[PDB]
Every structure is written in structure tokens, then in C-alpha cells.
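Enquirer: Give me a model of this one.
(2 chains)
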Amino acid sequence: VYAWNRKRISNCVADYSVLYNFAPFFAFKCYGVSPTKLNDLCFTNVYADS
Amino acid sequence: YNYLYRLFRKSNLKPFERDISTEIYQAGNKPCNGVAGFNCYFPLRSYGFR
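Expert: Residues are numbered from 1 along each chain as shown, chains lettered A, B, ... in the order given. Here you go:
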């Protein structure tokens, strides 16, 4: 957690439906965007912190 | 927490129309049947006014 892994995601189309299709994810919490509208929006500066 | 907003709805509102129905929203392909959970969220979110 002190050395959390950051990955930049760019130049691709992201299908977020397969995240819901297979999901052992207990907590799925979105703050500034709706979870169901992710497939209808375009983004950049996409960063994944694991 | 007395002020809430309708985060989720199936369709947009008409001009000068008010919606106070506290029914569950189906955010995924799986039906909800009135019970919140995975792909099932309450449409009303409370503002964190501090």
C-alpha cells in the first residue's frame, strides 16, 4: 500500500461490461461517474492504482 | 444528510416535472426484483454537506 502500483491506460477501447459479467468484487463504488454510463463516455488520463 | 438527489433513472425528466418515486433501479442485465445488491442500487444518494 505504500508502494501502490500505478498503470496508465491509453489508446484503447475499454469494455466495462465484462467487469460486471465475471465479478468476485464485493465493493464496486463509483464517485464522480455512473457505473452504467462508463461504456457511453470517452476518457483519458486513466490510471489504475492497485 | 437531509438533502438527496436522484442519481439513477431509466429516462430523462421532462421540463418542470418532479419525481419522488423510491423504486429500485436495474443497473445491469440481471433483474433486481426490489432488492438492492450487485447491479442494484438505490436511486437516491445523500449529499455529504459539511
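
Enquirer: who's in contact with the residue positioned nearest the centre of chain B?
Expert: By CA atoms, centre = their mean, chain B has its centre lying nearest to residue B:43, at 1.1 Å. The neighbourhood of residue B:43, defined by CB atoms under 8 Å, 6 or more residues apart in numbering or on different chains, consists of B:6, B:7, B:8, B:9, B:22, B:23, B:24, B:25. Every residue, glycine included, has its C-beta placed from N, CA and C.

Enquirer: hmm, 6 Å instead?
Expert: Taking CB atoms under 6 Å, 6 or more residues apart in numbering or on different chains as the criterion, residue B:43 is in contact with B:6, B:7, B:8, B:25.

Enquirer: Could I get the full set of strands for the chain?
Expert: Since no chain was named, I'll use chain A. Using DSSP state E, the strands of chain A run over A:6-9, A:46-49.

Enquirer: try chain B instead
Expert: Using DSSP E, strands in chain B cover B:4-6, B:25-26, B:40-41, B:44-46.

Enquirer: For the one residue in chain A that gets nearest to chain B, give its distance to residue B:15.
Expert: Going by CB to the nearest CB, chain B is nearest to residue A:36 of chain A, at 4.8 Å. For residue A:36, the distance to residue B:15 equals 25 Å [CB to CB, to the nearest Å].

Enquirer: how about the residues of chain B near chain A?
Expert: Neighbours of chain A within chain B, by CB under 6 Å from any CB of the partner chain: B:27, B:28.

Enquirer: repeat that for 10 Å
Expert: Neighbours of chain A within chain B, by CB under 10 Å from any CB of the partner chain: B:7, B:8, B:25, B:26, B:27, B:28, B:29, B:30, B:38, B:39, B:41.

Enquirer: which of those count as buried?
Expert: Neighbour counting with 16 or more other CB atoms under 10 Å in any protein chain shown marks B:8, B:25, B:27, B:28, B:39, B:41 as buried within the residues of chain B next to chain A.

Enquirer: What residues does residue B:15 make contact with?
Expert: With contact set as CB atoms under 10 Å, 6 or more residues apart in numbering or on different chains, residue B:15 has no partners.

Enquirer: Now do the phi/psi pair for it.
Expert: phi -60, psi 130 (degrees, to the nearest 10).
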